[PDB]
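Single chain ahead, written as structure tokens, the form deposited in one PDB entry.
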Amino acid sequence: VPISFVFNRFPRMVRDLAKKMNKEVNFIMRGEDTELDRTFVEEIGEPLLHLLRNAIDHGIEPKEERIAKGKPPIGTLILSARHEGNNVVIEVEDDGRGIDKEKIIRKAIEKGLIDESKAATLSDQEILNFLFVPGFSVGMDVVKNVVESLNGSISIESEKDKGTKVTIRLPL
């Protein structure tokens, strides 16, 4: 199928979520032509919807907050697909507040998963990996479990005030 069978439902959903959350969102879709196995298109919808929800809820800041921090007033959400080899790569990127890595660390210490000394030398990717720990947080463990049932991989990149990029790699 073209991935557009999934991507064509997101403009309405993002718009309804942005309206519910009183948030101004510039939503852009690219690579909707990208074709992949029907089993993927039937299952990739729900995980991508979760990621779009997360970006709009926890990521994108309200216009007035963006203006106070000197950002472009309306936040941007980009959903993309492309071919890489015999994989498909799907990206959800926002220019919102990003993931607070210091908050992750604090929570991880509170949950007994690491001590303060070990937290000081963690890389950014080991920190962000805490989000995939079942109910660490949102929902990144359940997104992971679906991608994994499709034999895909997922990664997250994030920087404070810069934004967040989640990338899903799928086989075929």
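C-alpha atoms forming the largest set that superposes within 1.5 Å between two forms make up the rigid core. Numbering starts at 1 and runs along the sequence shown.
Not on display, but discussed next: the form deposited in another entry.
The rigid-core alignment places the CA of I56 less than 2 Å apart between this form and the one not shown. After superposition on the rigid core, displacement of the C-alpha of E84 between this form and the one not shown stays below 2 Å.
For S117, the Cα coordinates differ by 2 angstroms or more between this form and the one not shown after the core has been superposed.
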